[PDB]
Amino acid sequence: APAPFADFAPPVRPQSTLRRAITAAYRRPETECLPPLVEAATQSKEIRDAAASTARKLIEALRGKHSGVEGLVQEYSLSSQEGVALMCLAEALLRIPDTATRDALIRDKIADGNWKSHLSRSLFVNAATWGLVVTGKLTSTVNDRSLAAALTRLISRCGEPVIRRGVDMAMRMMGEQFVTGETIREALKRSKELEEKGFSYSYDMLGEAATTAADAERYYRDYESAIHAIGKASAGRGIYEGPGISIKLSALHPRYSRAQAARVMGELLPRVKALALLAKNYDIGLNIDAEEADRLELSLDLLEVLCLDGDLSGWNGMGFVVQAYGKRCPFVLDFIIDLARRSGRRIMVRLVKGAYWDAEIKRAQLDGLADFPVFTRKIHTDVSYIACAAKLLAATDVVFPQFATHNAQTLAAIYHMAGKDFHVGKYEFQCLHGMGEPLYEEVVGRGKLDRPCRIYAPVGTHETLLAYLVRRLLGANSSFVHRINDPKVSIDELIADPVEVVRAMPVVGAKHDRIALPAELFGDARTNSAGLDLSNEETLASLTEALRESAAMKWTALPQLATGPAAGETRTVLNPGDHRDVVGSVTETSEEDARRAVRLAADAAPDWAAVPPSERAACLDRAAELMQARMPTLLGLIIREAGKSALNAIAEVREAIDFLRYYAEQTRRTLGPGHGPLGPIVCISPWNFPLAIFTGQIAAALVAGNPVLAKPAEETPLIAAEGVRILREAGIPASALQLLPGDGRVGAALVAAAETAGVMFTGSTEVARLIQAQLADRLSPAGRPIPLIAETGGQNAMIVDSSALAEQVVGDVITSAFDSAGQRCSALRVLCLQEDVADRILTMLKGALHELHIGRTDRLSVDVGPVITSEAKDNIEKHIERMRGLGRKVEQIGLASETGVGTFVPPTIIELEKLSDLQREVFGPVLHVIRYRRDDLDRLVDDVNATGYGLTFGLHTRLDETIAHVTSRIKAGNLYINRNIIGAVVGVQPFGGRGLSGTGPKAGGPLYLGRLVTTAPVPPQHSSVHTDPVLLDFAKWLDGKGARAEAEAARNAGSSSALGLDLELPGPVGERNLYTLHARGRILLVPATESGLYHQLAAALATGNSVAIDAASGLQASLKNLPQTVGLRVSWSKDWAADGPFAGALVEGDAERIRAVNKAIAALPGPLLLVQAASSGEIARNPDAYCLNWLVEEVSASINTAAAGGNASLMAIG
Amino acid sequence: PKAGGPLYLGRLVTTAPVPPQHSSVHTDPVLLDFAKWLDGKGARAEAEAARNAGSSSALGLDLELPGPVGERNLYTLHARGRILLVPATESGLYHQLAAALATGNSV
Amino acid sequence: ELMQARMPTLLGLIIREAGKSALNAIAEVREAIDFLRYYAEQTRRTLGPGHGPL
Ligand SMILES: Cc1cc2nc3c(=O)[nH]c(=O)nc-3n(C[C@H](O)[C@H](O)[C@H](O)COP(=O)(O)OP(=O)(O)OC[C@H]3O[C@@H](n4cnc5c(N)ncnc54)[C@H](O)[C@@H]3O)c2cc1C
Ligand SMILES: NC(=O)c1ccc[n+]([C@@H]2O[C@H](COP(=O)([O-])OP(=O)(O)OC[C@H]3O[C@@H](n4cnc5c(N)ncnc54)[C@H](O)[C@@H]3O)[C@@H](O)[C@H]2O)c1
Ligand SMILES: OCc1ccc2c(c1)OCO2
Ligand SMILES: [Mg+2]
């Protein structure tokens, strides 16, 4: 049995002094990075004046010769949308291979009217890209209805001539500007013209981000075939005069990441070596492009091995990009220069600024890391670039610097820095094809600056070029190429010296004012939890030790009653991934001690309620600090107890920290003396989020002033006991927080205990239904139902149309379905693929599935851990075999023999015929796939809704019409657009569903605490200016009937209702996180009196609901002559079980009537109903007898606004 | 249609053009239910006409028009209300219903 | 353009024929100018050979 964490994340090689200096700079504060760069980039006044003169001369030449799309737009008086629509049409017409067939379709069919009839895939799938081309502005999604209107308008106005011009323009742009050629042979033919003028080329076959082994093999053979063509054409010109190739490591392996470093070195490295050997034979350059910041240091391990590999000796063509926007850049250069010296290889070093800026900002914010790995002010990158050029220019004997930039100021500074002594091979400039030639035609050649420039030349088809053209175009307001074309930007502004500008700032290197550090995402409201960077070798080394130390701890969980730990039946807790690994011991609670704990909680209730809310909140904040400091140890326990990977354990601890800080802040915003606690609250939690949900429920109940009986899932008591220990250390008295480990019997004994005043349950729908039945017997001392929050299972779908990017979909599907072995309530269960793309996506999905590593989770390389128990495994496997027995296609990863010591289920894909093939939630790594025809999208949404669940839901589409349709029709609590459907963030995606998935209110949302007090406070931002019109019609009807007081109460309910609340919640860049209040649906009304009925109806209608009124009330004559608008919302029900599902209930009666009704409601099939009851006298006395908070449904929607490939808002941030 | 607005000229020609900015991403949900019902009946051409009407309808357009500072000038497209349908044939009725429902109307 | 250049004369006629004040006569002529230019622009945005007149 291997020791826990003994092989967690060993580095590829021992970290040298130079490598350690790189890692140390990874997220160094920006104020610390800039001063040495300013110093290194400083040049003499004489040079600075000469550089400014050269830059001005270049810029004057550029502006003096400065259109294709612009001239088309001008000639035909096109609006921007017409221009975009025209280019999309042209793109689609160019997918027709035969020119005569295309021209015939244009002349006969397209021009003469209905283009829609002749052209499964929206014409406008790539309209965000064309929008960038036409307008210079990036939109994340496409207003396809606006584009369709614009296309119809422009064709009907201008006819075939405009279509012809659009087609010819798109053909030129896609075949000659965005790429040098469609194929390497075409690109090579077209390169002769500029090679004869002194340019060189580096060809990019556009491979990137392989998703499957087959993808990686295709990109490999593309590179290999290109090397042959380039080498044949180079014909002995060598690496400086002759052409080369550029590759992306991410194209060559589907798991190119630090977590998979062993596979990278074993499988990716030999592929690079084979390509390098071919480049060596032809004596051409082979450049490794730089990608995301978390791949930089890993790529250095490949560069090191290749440069030390004697089989490659004699060839100086190996090249490597370094990104000056990165804080590690100068230290990377020190490492590379030293590697060049040690190996004797003159490494070609391409200095760039960097292509992933927006994405790096978003990623660091999402991951809660200390700082960014890139600068946040554009001028800092410019200074970094010039400083790094000074370092490179001092080492031209051992490296070949390649200065890639389109910025004339940057170019001029380096041209003068390098000096007058020049020979080919000393250094070169580089630029992008179809972008940099105007500038470099003022550089290359004896009549200019007589410096060479290598053109980075994309090569590929329309489909390949469009994939990441958005990133390449960002054209941002800060970009030189955008500014050169802005008439409002002066040449003096363009030749401004970034070195001297930075030097003169009041704080050198200050972070951008408009970019939040990850810790500050929420500003003054609360401190964001911090994560850990699993790509940082220092973090991995320290985590390895802390994780090993955590496995040497004698973790226990005991019944921690107010009076101290209690005795009970004791058993070991075993690692689900390896039963030989004993994690700890749990002493379970007797049912007698559970009842005693509730009595102790009841006795302690006044003392805890008397702790002021601010001080209760301070305990939560202290617990958050303790959990943050203890995170490494907590990770180790979660990893071993709950089958979680390190990434998922980090997220788990972060969520716990966030719950604590969120409920603390919500308390400070709301709770006062009039919001009395319920009393002892029983918190019952699931195994699968064994710290986060556990902590969230308890923290909320405690901070609302209730003592808590905490019953953690029987599978995961140890982390729960540690959470209770931390809360107690933070100041929660033992009498206010009692831990009661044990199985469902302990939960049931707590629920049934006489003094239990509320129940917070997260777990399966079936168990919640048992608790609902238990509580249907029960009333509070005030004769009212015991509040139950029951957050339950999901049958979560993602719909993908033909506009979605398959690689993006597959990544989000693999994560959503199989992260944590599908043991997230939010996990993707049903992927719905539009028929026209289903086969391609399914092929990619199966290929990605087979790249997952399943095993014991104390290794960073493990993607998917075990299922929690053998019973869970048996239940999941029974489902898989049932499906397999029905003839459904089943794809499963093969499991390693090492899984035999634990309980594992391989990630599984099951292709279904109908969504009705599924019965109940299957809580495991089982993704079901359904296909749908586009016209059946609305029926499909019905089918998803028809399961009765309503937890998470995903939609991948670029089309606004589809987003609007699907999000308006889906009925789920957490929606996700163009991203995964998991990892909801507290206070950002308040989490919780409807129907079989939850009663609400949402955890991590603003209505939660109000359920845990007897009188709900007004949550922050909780109001709506909108009044339900059916409520208004009802109020007028009431006045017409003479029910004047009820009409006034109805109007008051109309105003008090927060139906229609529509907020954007603060969060990371590149995402829009929305929170809205909608109607719940159909509310069951059980009235006793006419006035009670009118009050119930007003409450329900004011919150947008329809109603089913108990026909046994005999109150039919009280609703005579309703306006049609109100009648449409009213039904009468003699058989409540026949007229559901309902989404809540309002009950009027005395205590025994309430109890009887509550029992009947609990017996209704389907969802647990949030019931509110009041007596007739309470209705008369209290305008809030029925609280409107619980008659609306919260919906959270998270939209990935970077999905098009860039962040529009951050294009304005420089 | 309103004078000084974008629908006006289209009333004065025998085939109306698509006015500038005249579209909406919203689809009437009753139209959608009608299309599914047509689908189930095998009324394939009518279901297609219904879906097309749902998409081309500009119901829900909600624009701010350029104007002076210190003023917000909004232009929105709502349902007309209740439309009188005088069909002759079943298919004609289905097409009329599609047009009226797609634009948010009752009939 | 002609109405704009002749607005002072048009105002005089509108003031005396229709009982308008000078400010309201200005608004009247401006609105006529705006209709002319608006329908001109809307035409340039929309009308093609298939939009036959009544
Ligand atoms: C031939 C060639 C090869 C390239 N290869 C690669 C590669 O392998 N990997 C890669 O990542 N990039 C690469 N790039 C660069 C990237 O694609 C952009 O072209 C480059 O960063 C633009 O810089 P510029 O000096 O031409 O323009 P500029 O307008 O001078 O600089 C723009 C750059 O500034 C940076 N920036 C913008 N805003 C901010 C901000 N708020 N804070 C900090 N920095 C900011 C970004 O890096 C941005 O690209 C390459 C570029 C060329 C010309
Ligand atoms: N909606 C959400 O936010 C959310 C979050 C996480 C998990 N879940 C759901 O939780 C489930 C997985 O967790 P689980 O396997 O631990 O669920 P579960 O229903 O098996 O157990 C949950 C808890 O209820 C207790 N319990 C069992 N029987 C009981 C009874 N008769 N009376 C009182 N308590 C009883 C258990 O001991 C445990 O503490 C999944 O269905 C998942 O979808 C929902
Ligand atoms: O557009 C220039 C460019 C070249 C190579 C790249 C890149 C951008 O991003 C990462 O690799
Ligand atoms: Mg269970």
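Using ideal geometry, Cβ is built from the backbone for each residue, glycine included, and neighbour counts are taken over all protein chains shown. Nothing in this text is a laboratory measurement; each read-out follows from the coordinates by a stated rule.
Using just the C-alpha positions of the stretch A:857-951 as equal point scatterers, what log10 of I(q)/I(0) does the Debye formula give at each q in 0.13, 0.15, 0.20 1/Å?
Results for the stretch A:857-951 at q = 0.13, 0.15, 0.20 Å⁻¹ read -0.54, -0.69, -1.04.
Need one number: % antiparallel among DSSP beta bridges in the stretch A:851-958, to the nearest 5.
40
Report, ordered by chain and residue number, the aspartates and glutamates lying within cross-link reach of A:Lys878, taken as a straight Cα distance under 17 Å and ignoring same-chain residues fewer than 8 apart.
Once the sequence-local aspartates and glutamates are set aside, what remains near A:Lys878 is A:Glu891, A:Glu911, A:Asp917, A:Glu921.
What's log10 of I(q)/I(0) for the stretch A:907-960 at q = 0.15, 0.22 Å⁻¹, Debye sum over Cα points only, no solvent?
Evaluating at q = 0.15, 0.22 Å⁻¹ gives log10 I(q)/I(0) of -0.49, -1.06.
Any chance you could get the radius of gyration and Dmax over the Cα atoms of the stretch A:230-317, in Å?
Every Cα atom of the stretch A:230-317 included, Rg and Dmax give 13.3, 41 Å.
P(r) of the stretch A:330-413 in 10 Å steps, Cα pairs, percent per bin?
With 10 Å bins starting at 0, P(r) equals 16, 41, 30, 13, 0.
Under 15 Å between alpha carbons, and skipping anything fewer than 8 positions from A:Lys378 in its own chain: which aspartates and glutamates qualify?
Reachable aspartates and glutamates: A:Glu30, A:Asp358, A:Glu360, A:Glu493, A:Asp497, A:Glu500, A:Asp513.
Give me the percent of DSSP beta bridges within the protein assembly as shown that run antiparallel, rounded to the nearest 5.
25
For the stretch A:1069-1188, count the residues as N, evaluate 2.2 N^0.38 Å, and divide the Cα radius of gyration by that value, please.
Against the empirical 2.2 N^0.38 Å value, I get 1.11 for the stretch A:1069-1188.
Would you kindly compute the Cα radius of gyration of the stretch A:380-535 and its largest Cα-Cα separation (Dmax), both in Å?
19.3, 62
Would you mind ranking B:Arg80, A:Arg931 by Cβ crowding within 10 Å, fewest neighbours first?
Listing B:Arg80, A:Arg931 from fewest to most nearby Cβ atoms yields B:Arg80, A:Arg931.
In the stretch A:197-259, how does Rg compare with the Kirkwood Rh, expressed as the Rg/Rh ratio over alpha carbon atoms?
So for the stretch A:197-259, dividing Rg by the Kirkwood Rh gives 1.08.
If you take the square roots of the eigenvalues of the alpha-carbon gyration tensor of chain B and sort them as a ≥ b ≥ c, do you get rounded (a/c under 1.5), prolate (a/b over b/c) or oblate?
It comes out prolate by the Cα gyration axes.
First obtain the Kirkwood hydrodynamic radius of the stretch A:1001-1061 from its Cα pairs, then insert it into the Stokes-Einstein equation at 20 °C and 1.002 mPa s, and state the resulting D in µm² per second as a whole number.
Using the Kirkwood radius from Cα pairs, D works out to 164 µm²/s.
Loop only per DSSP, at most 12 neighbouring Cβ atoms within 10 Å: give me the GluC sites (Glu not before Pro) in the stretch A:171-278, ordered by residue number.
Sparse-neighbourhood loop GluC sites (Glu not before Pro): A:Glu196.
Give the order of A:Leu1012, B:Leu61 when sorted by the count of other beta carbons within 10 angstrom, beginning with the fewest.
In increasing order of surrounding Cβ atoms, one gets B:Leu61, A:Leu1012.
Once the Cα gyration tensor of the stretch A:290-347 is found, what semi-axes does its equivalent ellipsoid get, as square roots of 5 times the eigenvalues, in whole Å, sorted largest first?
With the √(5λ) rule applied to the stretch A:290-347, the semi-axes are 21, 11, 9 Å.
Can you give the Rg to Rh ratio of the stretch A:491-607, both from alpha-carbon atoms, with Rh computed by the Kirkwood formula?
A ratio of 1.29.
Which three extents, in whole angstrom, do the alpha-carbon atoms of the stretch A:966-1089 cover along their principal axes, largest first?
Each principal axis gives a Cα extent; for the stretch A:966-1089 these are 54, 34, 28 Å.
Round to a whole angstrom and tell me the spacing of the C-alpha centers of the stretch A:1141-1214 and the stretch A:486-514.
52
How high is the FRET efficiency from A:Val890 to B:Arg44, r the C-beta distance, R0 41 Å, rounded to 0.05?
Once rounded, the FRET efficiency stands at 0.75.
Please give the direction-averaged projected area of the C-alpha convex hull for the stretch A:681-816, in square nanometres with one decimal.
Mean projected area of the Cα convex hull: 10.6 nm².
Output the antiparallel fraction of DSSP beta bridges having both residues in the stretch A:1047-1197, as a percent to the nearest 5.
40
Just the Cα atoms of the stretch A:853-911: what Rg and Dmax do they give in Å?
Looking at the stretch A:853-911, its Cα Rg and Dmax stand at 12.1, 37 Å.
Can you pull the percent of Cα pairs in the stretch A:743-900 with separation above 18 Å?
Value for the stretch A:743-900 (Cα pairs over 18 Å): 70 percent.
Within the set A:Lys362/A:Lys1002; A:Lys189/A:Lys280; A:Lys327/A:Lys391; A:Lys45/A:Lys65; A:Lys137/A:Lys488, which residue pairs have Cα atoms separated by over 21 Å?
Pairs exceeding 21 Å: A:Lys362/A:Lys1002; A:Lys189/A:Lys280; A:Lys45/A:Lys65.
Under 10 °C and 1.306 mPa s, how fast does the stretch A:676-732 diffuse according to Stokes-Einstein, given a Kirkwood radius computed over C-alpha pairs? Answer in µm²/s, whole number.
142
For A:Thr815, A:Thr1015, A:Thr843, what ranking results if the residue with the fewest other Cβ atoms within 10 Å of its Cβ goes first?
A:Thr1015, A:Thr843, A:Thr815
In square nanometres and to one decimal, what's the mean projected area of the convex hull around the Cα atoms of the stretch A:548-605?
Projected area, direction-averaged: 5.2 nm².
What would the Debye formula give as log10 I(q)/I(0) at q = 0.14 Å⁻¹ for the alpha-carbon point model of the stretch A:816-861, no solvent?
At q = 0.14 Å⁻¹ the computed log10 ratios are -0.45.
Measuring from the lowest to the highest alpha carbon on each principal axis, how far does the protein assembly as shown reach, largest first, in angstroms?
Its Cα atoms span 100, 99, 66 Å along the three principal axes.
With a cut-off of at most 11 other beta carbons within 10 Å, and DSSP calling the residue loop, which GluC sites (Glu not before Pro) in the stretch A:906-1008 qualify? Please list them.
Answer in residue order: A:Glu913.
Tell me the label-point distance for the pair A:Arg1181, A:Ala1137, using the 7 Å Cα-to-Cβ offset, in nm and rounded to one decimal.
In this crude label model, A:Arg1181 to A:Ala1137 measures out at 3.6 nm.
Principal axis lengths of chain C from Cα atoms, whole Å, largest first?
Projected onto the principal axes, the Cα atoms of chain C cover 44, 22, 14 Å.
In units of 2.2 N^0.38 Å, what is the alpha-carbon radius of gyration of the stretch A:90-188?
1.13
Evaluated at 10 °C with a viscosity of 1.306 mPa s, what Stokes-Einstein diffusion coefficient in µm²/s does the stretch A:750-791 have when Rh comes from the Kirkwood expression over alpha-carbon pairs?
153
Given N residues in the stretch A:327-470, what is Rg(Cα) / (2.2 N^0.38 Å)?
So the Cα radius of gyration is 1.15 times the expected 2.2 N^0.38 Å.
Could you pull out every one of the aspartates and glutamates with an alpha carbon less than 12 Å from that of A:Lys232, ignoring same-chain neighbours closer than 8 positions?
A:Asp283
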